[PDB]
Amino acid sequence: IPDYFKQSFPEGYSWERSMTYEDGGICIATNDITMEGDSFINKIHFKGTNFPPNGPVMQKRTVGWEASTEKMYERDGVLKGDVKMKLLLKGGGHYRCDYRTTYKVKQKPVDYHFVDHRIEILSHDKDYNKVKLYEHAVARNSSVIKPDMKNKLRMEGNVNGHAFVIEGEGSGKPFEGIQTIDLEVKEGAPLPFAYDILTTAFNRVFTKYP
């Protein structure tokens, strides 16, 4: 399996993602990923709208994302990833969302493969102003990048009219597909919406490819 994300460096890559929730809530996000030495640099823009004021996002009733499988494939020479995601609710149901991502990797001109995800909030303070987040990602069939590397990000976001800024400092194992990050809300505290809707926007370079 080709690893178009690691091959994108040192130059880097970007991605664009739509997230369509089952109750009309919609989020759009972009990330521009560069590398400055031992660290990846993520510049993230996140916008979300049409979340019902009584839905699980605006009432903070989500409990985490279910493990997922993302189908990675090529069309028109562009790398794409689709994954049906499920957000678990405190009452036991699932709140569904369709993710569609365009991965603008190094190679403009490039057999699908999968990426199995597990993402989890390991700890958080009361209002999620500070969050420790973890991801595990592995690709499976149908030396610019050190075994250990830092990952830094800044997100400028607006959800249902509420602006906010979040920055994170973390590290991971690019070749083992493991990473963690410490996230801090820098503007817009306290967030009035479910933190879970942001965590997947907080870098497929941290994926275990054969």
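Residue numbers run from 1 along the displayed sequence.
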Handout entry: Size class of the missing deposited segment between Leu89 and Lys90
Key = none
Problem - Unmodelled stretch of the deposited sequence separating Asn54 from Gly55, binned as none, 1 to 3, 4 to 9 or 10 or more - result: none
Completion exercise
Mean B factor on CA atoms, stretches 144 to 152 and 41 to 49, record says higher is 144 to 152
Problem - Given 30 to 38 and 168 to 176, the range whose Cα B-factors average higher in the PDB entry - result: 30 to 38
Completion exercise
Max C-alpha B-factor within the set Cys97, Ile121, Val138, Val110 falls on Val110
Fill in the blank from the handout: From the entry's CA B-factor values, the highest among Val63, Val159, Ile181, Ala67 is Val63
Completion exercise
The third of the chain into which the C-alpha temperature factor of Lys106 falls is the highest
Practice task
Taking the values exactly as deposited, rank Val131 by C-alpha B-factor within its chain and report the matching third: lowest, middle or highest.
Solution key: middle
Problem - Modelled-residue ranking by C-alpha temperature factor, third containing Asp23 - result: middle
Exercise for the section: Compare the C-alpha B factor of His117 with those of the other modelled residues in its chain, then answer lowest, middle or highest third. Expected result: lowest
Exercise for the section: Would you mind ranking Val78 by its C-alpha B-factor against the rest of the chain and naming the third, lowest, middle or highest? Expected result: highest
